[PDB]
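Scope of the values below: all heavy atoms of this structure, side chains included, with no hydrogens, waters or symmetry mates. Note that ligands are numbered from 1 as they come in the structure, with each ligand's atoms numbered from 1 the same way. Just so you know, residue 1 is the first one in the sequence shown, and it goes up from there.
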Amino acid sequence: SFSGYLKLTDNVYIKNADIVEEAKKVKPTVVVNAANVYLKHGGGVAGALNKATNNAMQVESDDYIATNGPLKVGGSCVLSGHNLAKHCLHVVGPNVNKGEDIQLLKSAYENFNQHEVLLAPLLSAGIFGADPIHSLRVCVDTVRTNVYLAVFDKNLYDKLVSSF
Ligand SMILES: CS(=O)(=O)Nc1ccc(C(N)=O)cc1
């Protein structure tokens, strides 16, 4: 079970933690990946989750893309969680540094509603370029299931909690 989380709402929890370390500790049913449409896990949360699976997440993802083609921005797919979780829900939030519509962030969070409980990062935050305060607001206003948010950066975590 999840420990050390600060309760924000009835169903949204938050902790200053490395999502990879959190995944290895809890081994949740679902870990959310901050994915791109091609499932190319190069950097940010995706690169870090993929490196923890010894690249097994990338090999599985390339086979998925070869069969199904790319995901949509705002969409998702369920793949193996490997050594991190039972499953990994690869969710594509809009990448602001690629001109993608920030309005698609609500659609991306709607994917979380298909899972009772999830360990997740803030969608479109970090190298995706969106404001993390805005991502947290869309998360609490869109997700109805139990979401345990891992925020890597302490300074950002403090800013998110203090401004909520
Ligand atoms: C900034 S974030 O959106 O919280 N996502 C990250 C979390 C962890 C790591 C890592 N372990 O390298 C990278 C990015």
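The side-chain heavy atoms of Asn11 and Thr145, taken from C-beta on, include no pair separated by under 4.5 Å. For the pair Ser135 and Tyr109, the minimum side-chain heavy-atom distance is below 4.5 Å.
Which parts of ligand 1 touch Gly44 is read off a 4.0 Å heavy-atom cut-off, strictly below it: atoms 13 (C), 14 (C). Atoms of ligand 1 lying under 4.0 Å from at least one heavy atom of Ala48, given by number and element, are 10 (C), 11 (N), 12 (O).
Closest to atom 11 (N) of ligand 1, if we only count protein heavy atoms, is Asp18 OD1, 3.3 Å. Nearest to atom 1 (C) of ligand 1 among the protein's heavy atoms is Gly126 CA, 4.3 Å. In this structure, atom 7 (C) of ligand 1 lies nearest to the protein heavy atom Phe152 CB, 3.4 Å.
In the displayed structure, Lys72 atom NZ is contacted under 6.0 Å by at most 12 heavy atoms of other residues, nucleotides or ligands.
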Self-check item: Pair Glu21-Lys24, salt bridge (charged side-chain N to carboxylate O under 4.0 Å, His left out): steps then yes or no
Solution: CA-CA 5 Å; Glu21 290 311 306; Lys24 295 193 269 188; 3.5 Å; yes
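By the 4.0 Å heavy-atom criterion, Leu122 is excluded from the residues contacting ligand 1.
Remark: the backbone N or O of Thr142 is paired with a side-chain donor or acceptor of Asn113 at under 3.5 angstrom.
Residue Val45 touches ligand 1 through backbone and side chain together, judged by heavy-atom distances below 4.0 Å. Residue-level proximity to ligand 1 for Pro121 is absent, since no heavy atom of it falls below 4.0 angstrom.
Ring geometry for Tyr148 versus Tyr5: interplanar angle over 60°, hence perpendicular rather than tilted (30 to 60°).
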